[PDB]
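As structure tokens, one chain now follows by itself in the form deposited in one PDB entry.
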């Protein structure tokens, strides 16, 4: 950087040299001024100017180097305090540009957040009329039409609940709750929820729970179980769906099994992909296919592993591994 400093201040050194030359010339021409003392003065001034140049470089070439270091880095505290007005103008300009960028980012983030809040509200007053319609319509006496209407209403309600949980998965981290969960009442409620689907499709259910106490968040665990059962029922036709929970090792594991068509092993790992719809059937294209992704994403903060064991022509096995109770201490501590 010393080369840049020298190339930046050549004019003043040239002026100093010209001043020395003028002094020497006028001393030489005039007869009343000695030419011996002026040489000593010139030598002393040259040496002192060299020392002064060293000190000036040391005191001057700091701010620009620090600014160069700062511009390519992840931190903003690499800029030195102003020391001269020339650096002060640069510092003020940089501060103004950064302030403008920060305010622009803040205003756009706030506007987008308000738009998302309006979207979520609209989701609420779209889902509420469905509940009102169900309340009005839960008075029919026929069987087939009532079953079809119940199937449609459950499908739409599940879609709305999936949308709500997708919206809530951003704040799920701050909404985690640790409490004892009884598996049997939750599974009974889930089965009672999908009673119409089982009646229409002729799908049986099995309730055998070796383990009855689990530790997780009730809302999201019920959500995951609900869409697992929904996918099993929708992707199966008159097949026996079995629910099995066993305590293996130090972790509680719950498995869901269905005897439907299943998933081809080529696309079994892809069922967790976002927006994944199977191409073997055109009827499955209209399905959103996001609930599995939502369950997998929401299971990560709760330390739940949603594994898959799917064989084509046999069925899909969904394993829910509840984490160790002693693992929740870190969540409680933080």
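Residue numbers count along the first chain shown, from 1. For clarity, a rigid core is taken as the largest C-alpha set superposing within 1.5 Å between two forms.
Missing here is the form deposited in another entry; even so, the following discussion is about that form.
*Asks:* Scan 170, 208, 93, 177 for the one whose CA shifts by 2 Å or more between this form and the one not shown after superposing the rigid core, and name it.
*Replies:* Result of the superposition: 93 is the only one at 2 Å or more.
*Asks:* Hey, does residue 264 budge by 2 Å or more at the Cα between this form and the one not shown once the core is superposed?
*Replies:* Residue 264 C-alpha, core-superposed: shift of less than 2 Å.
*Asks:* For residue 298, is the CA shift between this form and the one not shown at least 2 Å following rigid-core superposition?
*Replies:* No, the C-alpha moves less than 2 Å.
*Asks:* Would you say whether residue 31 is displaced between this form and the one not shown, judging by a C-alpha shift of 2 Å or more on the superposed rigid core?
*Replies:* Residue 31 C-alpha, core-superposed: shift of 2 Å or more.
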